[PDB]
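So the structure is just underneath, and the comments pick up after that.
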Amino acid sequence: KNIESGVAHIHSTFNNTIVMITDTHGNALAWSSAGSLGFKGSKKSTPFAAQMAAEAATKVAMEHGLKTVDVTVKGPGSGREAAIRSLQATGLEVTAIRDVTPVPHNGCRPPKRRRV
RNA sequence: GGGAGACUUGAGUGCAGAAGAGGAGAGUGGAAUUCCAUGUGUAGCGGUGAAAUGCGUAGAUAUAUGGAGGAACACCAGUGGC
Numbered sequence: 014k015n016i017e018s019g020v021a022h023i024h025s026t027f028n029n030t031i032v033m034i035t036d037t038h039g040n041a042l043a044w045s046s047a048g049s050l051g052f053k054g055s056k057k058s059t060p061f062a063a064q065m066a067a068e069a070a071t072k073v074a075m076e077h078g079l080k081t082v083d084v085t086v087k088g089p090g091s092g093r094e095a096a097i098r099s100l101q102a103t104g105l106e107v108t109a110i111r112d113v114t115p116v117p118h119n120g121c122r123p124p125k126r127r128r129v
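UniProt numbering runs 13 ahead of the 1-based position in the first sequence.
See below:
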């Protein structure tokens, strides 16, 4: 329950952001998202929704007990900045940041465009 | 134009060097996806102009450690090269 620090996994996309706080070896400690907060439609894709997600997840995580986190960013979208600022505000000192945006190295065929 | 020649500039051979996703055969790789397994954790995930179909409480998404399988080769990479 009570631990020292973990990680911040922030899977931001065009439709939703999903914040997940985990221990350094992996086993999770909290998570939340815009739909969890109660957002709908395009509101899920918002920095405010990412902010509220980080708020709720940090509240639960601090209720368990911790102080600081590393930040593992992944994906497009603009919730990154607002969510990180809200981590700082709700208390978790942002130890460090790194993006792990997967580079396919030309690995897979992506689907067609949204026309033709 | 025909025939008998002669010559080396054209064409080619030889000496020595240069470059190169040039081609065929063989194997090998790291990244990423998908799936499978093990844990964490639990209510939404995904998607849209809006939604909805779908998937998910039988443990989803996500997260961390491996494994299987296929395909394509980030940077270099450029009206650059063959």
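Every residue gets a Cβ at the ideal spot worked out from N, C-alpha and C, and that includes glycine.
- By the criterion of a C-beta distance shorter than 7 Å, residue 19 is surrounded in its chain by 34, 35, 36, 37, 42, 79, 82, once the five residues flanking it on both sides are discounted.
- With respect to the 8 Å criterion, residue 100 and residue 71 are classified as neighbours on the basis of their beta carbons.
- CA-CA distance, residue 64 to residue 56, rounds to 12 Å.
- Residue burial annotation: residue 32 is buried, with at least 16 other C-beta atoms found within 10 angstroms of its C-beta.
- Just measuring C-alpha positions, the residue of 94, 68, 102 sitting nearest residue 111 is 94.
- In this structure, the beta-carbon distance from residue 24 to residue 30 falls below 8 Å.
- Just so you know, the alpha carbons of residue 14 and residue 77 end up roughly 5 Å apart.
- Counting only residues of its own chain and dropping the five nearest sequence neighbours on each side, residue 89 has a CB closer than 8 Å to the CB of 25, 26, 27.
- Beyond the five residues adjoining it in sequence on each side, residue 109 comes within less than 8 Å, by CB distance, of 83, 84 in the same chain, given in chain order.
- Here DSSP, grouped into helix, strand and coil, assigns residue 42 to strand.
- Contact between residue 67 and residue 52 fails: their C-beta atoms lie close to 14 Å from each other, not under 8 Å.
- Beyond the five residues adjoining it in sequence on each side, residue 86 comes within less than 8 Å, by CB distance, of 23, 25, 93, 110, 111, 112, 113, 114 in the same chain, given in chain order.
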